[PDB]
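Notes follow the structure.
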Amino acid sequence: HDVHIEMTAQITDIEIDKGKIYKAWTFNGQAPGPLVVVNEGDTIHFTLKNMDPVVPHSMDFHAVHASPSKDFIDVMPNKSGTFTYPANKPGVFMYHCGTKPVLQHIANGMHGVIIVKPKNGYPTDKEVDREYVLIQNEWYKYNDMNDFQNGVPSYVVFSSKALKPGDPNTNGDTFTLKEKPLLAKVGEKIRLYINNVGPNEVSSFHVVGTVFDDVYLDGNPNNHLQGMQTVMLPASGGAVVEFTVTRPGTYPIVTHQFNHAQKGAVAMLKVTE
Amino acid sequence: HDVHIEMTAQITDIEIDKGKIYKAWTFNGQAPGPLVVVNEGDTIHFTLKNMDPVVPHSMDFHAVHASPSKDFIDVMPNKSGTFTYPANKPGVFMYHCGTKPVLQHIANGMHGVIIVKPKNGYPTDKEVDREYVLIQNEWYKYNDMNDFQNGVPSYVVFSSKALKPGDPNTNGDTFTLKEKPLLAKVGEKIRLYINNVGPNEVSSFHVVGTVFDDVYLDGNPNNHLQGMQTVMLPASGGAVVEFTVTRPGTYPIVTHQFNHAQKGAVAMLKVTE
Amino acid sequence: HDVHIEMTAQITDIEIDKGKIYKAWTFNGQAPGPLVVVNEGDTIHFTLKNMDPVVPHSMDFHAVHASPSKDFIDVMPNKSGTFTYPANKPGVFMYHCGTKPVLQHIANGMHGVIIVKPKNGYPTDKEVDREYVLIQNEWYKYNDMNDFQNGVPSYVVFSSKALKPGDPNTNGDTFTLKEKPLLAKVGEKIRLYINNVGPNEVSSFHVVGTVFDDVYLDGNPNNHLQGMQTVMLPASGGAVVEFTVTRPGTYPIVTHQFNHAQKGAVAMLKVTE
Ligand SMILES: [Cu+2]
Ligand SMILES: [Cu+2]
Ligand SMILES: [Cu+2]
Ligand SMILES: [Cu+2]
Ligand SMILES: [Cu+2]
Ligand SMILES: [Cu+2]
């Protein structure tokens, strides 16, 4: 129940659209950052190693109870910081750099998801056959604060982060989850752990060709909805969603705010017999 | 049991604002399209007859479980296509054309609502005196993909679709439901089946002069809220909302995102003794 | 109980950003307006005295059942009007000027919150140690209808309104709740009564360093969520949110739509031993 987690902050080139490279600010060389998974009640001992020689970075986990001005503080270039705090609430939480201006650090790529598994799981656990994590984020004009604050996103994208060995692990880009769809089998109930990290947009989350059997808002098992076509996610908003795929084919996964879908936010689930 | 539905795709001029005609892409000569009502558990046998001589069109019902790559496929100009799928979930679901670019087809007018009536209705059925269906959509600069992707809506609008003969059946425009308000009587509980089809905006749905006694998110009877002033609808989001009108007068119906209201999204409800 | 409330409509200079003065349209010389607090079941006898010499004004309370065309009607310059209506529903409700164009009156500053206390309070009343009221609003280019309808907000801001002597009572501005943080003590469970009055944006409401233990949507005790990281508020949407601060320090309060936080929407909560 004491968990020890280490990440680096670094600058990494990410191909966010075909032929379009963004010099992203990242945790562990991915944007969004690596998945973190803990159990409800765990105490996290988190170390951030700042490998950006130019600017400070920090870590804010939405899962934890912490003092932001003591526990989410900036770690200087080529220094490390270690912070300890509990994850007392089950669900699907955003994490991100909390260095001012926070919009600048998030928009440049410093966001991710931490999942906190509920003590007694979900009441539909037994029904689920397969699970994946999906994250939505936006990309803007490169490190352009005016665009971050006042412009529309250049791209809106999905990525998937591995829950277990063999799961895809991808970055937020307009194509990878079209070219290499997530995989499932006919008749399966799929669970997706989803978070919209923004920075700026809300998400109207919809899987084409199915209906969500069960939805747990922010992944807290108490927040139970049934039979939703589309799940409204605020910026930083999470959910656990579950649905059945009844026939073979490819099922798009979108935000239904179609300007964002048009700008990259469509992932594919390939369902085979 | 088995329901057979035939609709056409065609181009239809729609006066979306006073003296402003939009050459809309439509189902059945209306934008949004005609209301479709079925019962929970029905199998739908849907035929789309494409009467557009230039562009393919298709049909995605949010109500159904289907293989999108087999059952939501394009129907070529001057052809028909028939697809069969179940509607196993109660609620107020969006439908729309699913032809790429989907944003273009939705924005041009190819959207609508299908209601799936719950097996046992709603726990508040006995309390309801009167019902209407309202849909919110946006209009952009005519068939302008840059405007669709990056621009603000030119108009945001409500329409009503007839559940009963002599309910109003209108298109998405800025003026019809102001000039010809919906009708009700003092003391009645009113139910609205509502959906925000977008394409791009979320909706903050509010009836002036009342509070929603009961709300069922996406029209599923299990998703029950009470005493809401305003209902957040994602793009494609639906609800069943119920409220009492206590006094004679005219009650505006709005999205409380007032930029949208100002750009046309105000309908009126005239309540008389 | 019969409650008698009076406010004046007037023009008031407000420093919405450091060194930036907005000639606001206001209730009682504040924007947002003064807090109103009543009990569920109260009959409100409200008088508006319009001291604007040129423009009519009005009052629409989301809390009440009323005829908008009789009870929310315009009051002419230098005149008064008195209107009587019940507040039958518990929660945190927006109020605002209902004079056309409503977008202009809201955007210029004529918005506020009325709290309706539930007849039997909230099931978590016993756990709550301290309470505050926070309101989110936007500001645009001064009285510029094109910007109101089509532009991004220039500032997005929080204000606090007083429940008791010593509670901050502030205007919507970019700085006051940063310079003068809300106060709390380590270990306290804090209740916030919150409303996003818009006019145009939704809000992704989040307290940094904590998780909401309980959330009551629109402040109705029945609309109960648990363990939310972030609360989605439509334009005009309210909530009662409760959270624990476990450690000393300063905790930012944000909308997590970070373009808006960047443009002013960050308040501070300073937690001491
Ligand atoms: Cu950073
Ligand atoms: Cu955050
Ligand atoms: Cu089409
Ligand atoms: Cu759809
Ligand atoms: Cu006014
Ligand atoms: Cu209002």
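Ordering of the structure tokens sets the chain letters (A, B, ...); residue numbers start at 1 within each chain; ligands are numbered from 1 in the order shown.
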
Could you please tell me, as a PDB file with C-alpha atoms, in the first residue's frame, which residues of chain A have an atom within 8 Å of chain C when using only C-alpha atoms?
```pdb
ATOM      1  CA  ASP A  60      -0.501  17.688  -9.766  1.00  0.00           C
ATOM      2  CA  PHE A  61      -2.470  14.408  -9.425  1.00  0.00           C
ATOM      3  CA  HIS A  62      -6.262  14.941  -9.279  1.00  0.00           C
ATOM      4  CA  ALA A  63      -6.443  11.626  -7.407  1.00  0.00           C
ATOM      5  CA  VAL A  64      -4.682  12.844  -4.256  1.00  0.00           C
ATOM      6  CA  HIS A  65      -5.323  14.958  -1.183  1.00  0.00           C
ATOM      7  CA  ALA A  66      -2.270  17.239  -0.961  1.00  0.00           C
ATOM      8  CA  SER A  67      -1.130  20.753  -0.158  1.00  0.00           C
ATOM      9  CA  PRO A  68      -0.670  22.276  -3.620  1.00  0.00           C
ATOM     10  CA  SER A  69       1.880  24.839  -2.355  1.00  0.00           C
ATOM     11  CA  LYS A  70       3.978  22.173  -0.609  1.00  0.00           C
ATOM     12  CA  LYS A  89     -10.895   8.062  -3.815  1.00  0.00           C
ATOM     13  CA  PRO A  90     -11.607   5.531  -6.611  1.00  0.00           C
ATOM     14  CA  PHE A  93      -8.204  11.175 -12.648  1.00  0.00           C
ATOM     15  CA  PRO A 101       1.362  29.385 -16.498  1.00  0.00           C
ATOM     16  CA  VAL A 102      -0.424  26.081 -16.109  1.00  0.00           C
ATOM     17  CA  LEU A 103      -2.206  26.517 -19.482  1.00  0.00           C
ATOM     18  CA  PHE A 148      -3.701  28.614 -26.227  1.00  0.00           C
ATOM     19  CA  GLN A 149      -5.958  31.264 -24.616  1.00  0.00           C
ATOM     20  CA  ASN A 150      -7.928  32.652 -27.530  1.00  0.00           C
ATOM     21  CA  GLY A 198      -8.342  19.393 -22.395  1.00  0.00           C
ATOM     22  CA  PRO A 199      -6.698  21.855 -21.797  1.00  0.00           C
ATOM     23  CA  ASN A 200      -9.674  23.888 -23.007  1.00  0.00           C
ATOM     24  CA  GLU A 201     -12.516  21.830 -24.437  1.00  0.00           C
ATOM     25  CA  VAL A 202     -15.278  19.724 -23.009  1.00  0.00           C
ATOM     26  CA  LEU A 217     -18.878   9.456 -13.590  1.00  0.00           C
ATOM     27  CA  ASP A 218     -15.184  10.120 -12.725  1.00  0.00           C
ATOM     28  CA  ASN A 220     -16.507   6.491  -8.799  1.00  0.00           C
ATOM     29  CA  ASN A 222     -21.457   5.392  -6.747  1.00  0.00           C
ATOM     30  CA  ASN A 223     -22.030   7.754  -9.746  1.00  0.00           C
ATOM     31  CA  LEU A 233     -16.935  15.272 -19.894  1.00  0.00           C
ATOM     32  CA  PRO A 234     -15.749  18.582 -18.488  1.00  0.00           C
ATOM     33  CA  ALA A 235     -12.117  19.536 -19.032  1.00  0.00           C
ATOM     34  CA  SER A 236     -10.245  17.117 -16.673  1.00  0.00           C
ATOM     35  CA  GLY A 237     -13.418  15.033 -16.502  1.00  0.00           C
TER      36      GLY A 237
END
```

Neighbours of residue C:76 within 10 Å (only C-alpha atoms; same-chain residues fewer than 6 positions away dropped), as a compact mmCIF listing (two decimals) with N, CA and C atoms, in the first residue's frame?
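Result file out.txt:
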```
# COMPACT_ATOMS: atom_id res chain seq x y z
N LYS C 49 -36.05 48.66 -8.36
CA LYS C 49 -36.09 50.11 -8.58
C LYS C 49 -35.06 50.39 -9.63
N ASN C 50 -35.50 50.84 -10.81
CA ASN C 50 -34.58 51.07 -11.91
C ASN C 50 -34.04 52.48 -11.88
N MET C 51 -32.76 52.63 -11.55
CA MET C 51 -32.12 53.95 -11.50
C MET C 51 -31.28 54.23 -12.74
N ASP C 52 -31.37 53.36 -13.75
CA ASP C 52 -30.79 53.66 -15.05
C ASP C 52 -31.69 54.72 -15.68
N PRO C 53 -31.12 55.87 -16.07
CA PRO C 53 -31.95 56.93 -16.67
C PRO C 53 -32.41 56.68 -18.12
N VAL C 54 -31.90 55.64 -18.78
CA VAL C 54 -32.13 55.46 -20.22
C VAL C 54 -32.73 54.07 -20.53
N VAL C 55 -32.13 53.02 -19.96
CA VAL C 55 -32.46 51.63 -20.34
C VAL C 55 -33.38 50.92 -19.32
N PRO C 56 -34.44 50.22 -19.80
CA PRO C 56 -35.26 49.44 -18.87
C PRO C 56 -34.50 48.23 -18.32
N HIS C 57 -34.89 47.73 -17.15
CA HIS C 57 -34.29 46.50 -16.58
C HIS C 57 -35.35 45.64 -15.94
N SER C 58 -35.02 44.39 -15.60
CA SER C 58 -36.00 43.46 -15.07
C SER C 58 -35.29 42.43 -14.21
```

Give the residues close to ligand 5, within 8 Å, counting only C-alpha atoms and all ligand atoms; write them as a PyMOL selection string.
-> chain C and resi 9+25-26+55-59+96-99+102+104-106+110

Using backbone DSSP assignments, extract all helix (DSSP H, G or I) residues from stretch 169-264 of chain C; output them as a ChimeraX atom specification.
-> /C:176-179,258-262

So which residues touch residue C:193 within 12 Å, counting only C-alpha atoms, skipping near sequence neighbours fewer than 5 positions away, as a PyMOL selection string?
-> chain C and resi 35+37+91-94+113-117+130-136+159-163+205+215-220+237-243

Go ahead and write the selection's residues with C-alpha atoms as an mmCIF file, in the first residue's frame.
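As a result, selection-v5.cif now contains:
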```
data_model
loop_
_atom_site.group_PDB
_atom_site.id
_atom_site.type_symbol
_atom_site.label_atom_id
_atom_site.label_comp_id
_atom_site.auth_asym_id
_atom_site.auth_seq_id
_atom_site.Cartn_x
_atom_site.Cartn_y
_atom_site.Cartn_z
ATOM 1 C CA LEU C 35 -26.469 37.263 -2.696
ATOM 2 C CA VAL C 37 -30.781 33.689 0.548
ATOM 3 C CA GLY C 91 -30.684 24.900 -4.602
ATOM 4 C CA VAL C 92 -28.218 27.424 -5.937
ATOM 5 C CA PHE C 93 -29.993 29.443 -8.634
ATOM 6 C CA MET C 94 -28.920 32.075 -11.103
ATOM 7 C CA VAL C 113 -27.182 33.988 -7.301
ATOM 8 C CA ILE C 114 -30.152 33.211 -5.116
ATOM 9 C CA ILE C 115 -29.737 30.320 -2.650
ATOM 10 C CA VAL C 116 -32.854 28.421 -1.548
ATOM 11 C CA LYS C 117 -32.117 26.470 1.643
ATOM 12 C CA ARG C 130 -17.178 26.046 6.804
ATOM 13 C CA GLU C 131 -19.081 27.507 3.883
ATOM 14 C CA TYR C 132 -18.524 30.035 1.078
ATOM 15 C CA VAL C 133 -20.396 31.130 -2.076
ATOM 16 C CA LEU C 134 -18.494 31.455 -5.386
ATOM 17 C CA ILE C 135 -19.800 32.709 -8.744
ATOM 18 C CA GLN C 136 -18.099 32.419 -12.130
ATOM 19 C CA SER C 159 -16.326 36.393 -7.065
ATOM 20 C CA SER C 160 -17.349 35.540 -3.501
ATOM 21 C CA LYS C 161 -20.606 36.636 -1.873
ATOM 22 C CA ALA C 162 -21.189 36.935 1.884
ATOM 23 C CA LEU C 163 -23.365 34.526 3.880
ATOM 24 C CA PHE C 205 -15.101 23.448 -11.682
ATOM 25 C CA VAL C 215 -21.730 17.106 -4.965
ATOM 26 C CA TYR C 216 -25.403 18.060 -5.179
ATOM 27 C CA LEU C 217 -26.265 19.185 -8.682
ATOM 28 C CA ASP C 218 -28.079 22.566 -8.717
ATOM 29 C CA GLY C 219 -27.957 22.254 -4.935
ATOM 30 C CA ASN C 220 -30.883 19.844 -4.882
ATOM 31 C CA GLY C 237 -25.710 25.834 -13.625
ATOM 32 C CA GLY C 238 -25.330 25.546 -9.846
ATOM 33 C CA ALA C 239 -24.024 23.007 -7.376
ATOM 34 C CA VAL C 240 -23.260 22.438 -3.739
ATOM 35 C CA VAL C 241 -19.818 20.862 -3.500
ATOM 36 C CA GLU C 242 -18.034 19.566 -0.364
ATOM 37 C CA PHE C 243 -14.354 18.689 0.102
#
```

Tell me which protein, DNA and RNA residues are within 12 Å of residue C:47, counting only C-alpha atoms, leaving out same-chain ones fewer than 5 positions away, and put them as a ChimeraX atom specification.
-> /C:3-9,27,57-60,71-75,79-85

Per-residue DSSP, stretch 70-174 of chain A, filtered to strand (DSSP E or B), as a ChimeraX atom specification | /A:75,80-86,91-96,111-117,130-139,155-160,173

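Taking atom CA of residue B:128 as the reference point, atom CA of residue B:40 is found at 20.2 Å.
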
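Atom CA of residue B:166 is positioned 26.1 Å from atom CA of residue B:22.
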
Just the residues within 12 Å of residue C:16, please, counting only C-alpha atoms, with nothing from its chain fewer than 3 positions along; format it as a PyMOL selection string.
-> chain C and resi 12-13+19-24+30-32+108-109+137-142+154-159+170-176+263-265

I need the residues from that last selection saved to file as a short mmCIF file (atom, residue, chain, number, x, y, z; two decimals), in the first residue's frame (with N, CA and C atoms), if you can.
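Everything below was put into out-v3.cif:
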```
data_model
loop_
_atom_site.label_atom_id
_atom_site.label_comp_id
_atom_site.auth_asym_id
_atom_site.auth_seq_id
_atom_site.Cartn_x
_atom_site.Cartn_y
_atom_site.Cartn_z
N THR C 12 -22.39 51.04 -12.65
CA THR C 12 -21.32 51.05 -11.67
C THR C 12 -19.99 50.68 -12.30
N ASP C 13 -19.00 51.54 -12.12
CA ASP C 13 -17.64 51.23 -12.55
C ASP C 13 -17.07 50.10 -11.71
N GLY C 19 -6.29 47.75 -13.27
CA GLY C 19 -6.18 48.95 -14.11
C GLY C 19 -7.18 49.01 -15.25
N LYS C 20 -8.13 48.08 -15.27
CA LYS C 20 -9.13 48.01 -16.34
C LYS C 20 -10.51 48.21 -15.74
N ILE C 21 -11.15 49.31 -16.11
CA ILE C 21 -12.47 49.64 -15.57
C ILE C 21 -13.59 49.35 -16.57
N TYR C 22 -14.63 48.67 -16.10
CA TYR C 22 -15.79 48.36 -16.94
C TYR C 22 -16.95 49.12 -16.35
N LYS C 23 -17.63 49.92 -17.16
CA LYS C 23 -18.84 50.61 -16.74
C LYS C 23 -20.01 49.62 -16.76
N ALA C 24 -20.14 48.86 -15.67
CA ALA C 24 -21.05 47.72 -15.61
C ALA C 24 -22.50 48.10 -15.36
N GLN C 30 -23.02 46.07 -7.61
CA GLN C 30 -22.08 44.94 -7.59
C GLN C 30 -22.28 44.11 -8.85
N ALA C 31 -21.21 43.53 -9.41
CA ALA C 31 -21.39 42.52 -10.49
C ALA C 31 -20.46 41.33 -10.24
N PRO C 32 -21.01 40.10 -10.06
CA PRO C 32 -22.42 39.73 -9.94
C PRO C 32 -23.10 40.51 -8.79
N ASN C 108 -23.18 42.65 -19.61
CA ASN C 108 -22.78 43.91 -18.96
C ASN C 108 -22.72 43.86 -17.42
N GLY C 109 -23.21 42.79 -16.81
CA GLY C 109 -23.04 42.57 -15.36
C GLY C 109 -24.29 42.20 -14.57
N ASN C 137 -18.17 34.25 -13.75
CA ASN C 137 -18.74 34.97 -14.89
C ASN C 137 -17.65 35.37 -15.87
N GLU C 138 -18.06 35.79 -17.06
CA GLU C 138 -17.13 36.27 -18.07
C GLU C 138 -17.30 37.77 -18.24
N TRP C 139 -16.26 38.43 -18.75
CA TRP C 139 -16.39 39.81 -19.23
C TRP C 139 -15.88 39.87 -20.66
N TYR C 140 -16.53 40.70 -21.48
CA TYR C 140 -16.20 40.88 -22.91
C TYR C 140 -15.78 42.32 -23.14
N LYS C 141 -15.54 42.67 -24.39
CA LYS C 141 -15.30 44.06 -24.78
C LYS C 141 -16.53 44.90 -24.43
N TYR C 142 -16.30 46.09 -23.88
CA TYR C 142 -17.40 46.86 -23.29
C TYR C 142 -18.60 47.06 -24.22
N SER C 154 -12.89 38.15 -22.82
CA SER C 154 -11.64 38.83 -22.48
C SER C 154 -11.12 38.36 -21.11
N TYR C 155 -12.03 38.20 -20.16
CA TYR C 155 -11.70 37.70 -18.81
C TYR C 155 -12.76 36.71 -18.40
N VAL C 156 -12.36 35.73 -17.59
CA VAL C 156 -13.30 34.86 -16.90
C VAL C 156 -12.89 34.91 -15.44
N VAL C 157 -13.86 35.00 -14.53
CA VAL C 157 -13.54 35.41 -13.16
C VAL C 157 -14.42 34.76 -12.11
N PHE C 158 -13.91 34.70 -10.87
CA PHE C 158 -14.69 34.29 -9.75
C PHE C 158 -14.92 35.49 -8.85
N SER C 159 -16.04 35.46 -8.16
CA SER C 159 -16.33 36.39 -7.06
C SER C 159 -16.84 35.59 -5.88
N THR C 170 -17.30 40.26 -2.95
CA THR C 170 -16.44 40.81 -3.97
C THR C 170 -17.14 40.87 -5.34
N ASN C 171 -16.52 41.54 -6.30
CA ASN C 171 -17.05 41.60 -7.66
C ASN C 171 -16.29 40.63 -8.54
N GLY C 172 -16.85 40.27 -9.69
CA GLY C 172 -16.14 39.37 -10.61
C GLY C 172 -14.94 40.07 -11.21
N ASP C 173 -13.75 39.67 -10.76
CA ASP C 173 -12.53 40.29 -11.23
C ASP C 173 -11.40 39.27 -11.24
N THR C 174 -10.28 39.62 -11.87
CA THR C 174 -9.21 38.63 -12.10
C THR C 174 -8.24 38.40 -10.94
N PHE C 175 -8.39 39.18 -9.86
CA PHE C 175 -7.32 39.32 -8.89
C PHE C 175 -7.72 39.26 -7.42
N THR C 176 -8.94 39.66 -7.07
CA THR C 176 -9.27 39.84 -5.65
C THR C 176 -9.12 38.58 -4.81
N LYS C 263 -7.24 33.45 -18.25
CA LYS C 263 -7.84 34.79 -18.37
C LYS C 263 -8.57 35.25 -17.10
N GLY C 264 -8.26 34.63 -15.97
CA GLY C 264 -8.61 35.20 -14.67
C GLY C 264 -9.29 34.28 -13.69
N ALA C 265 -9.77 33.12 -14.17
CA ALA C 265 -10.64 32.31 -13.37
C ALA C 265 -9.84 31.36 -12.48
#
```

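Taking atom CA of residue C:1 as the reference point, atom CA of residue C:29 is found at 27.7 Å.
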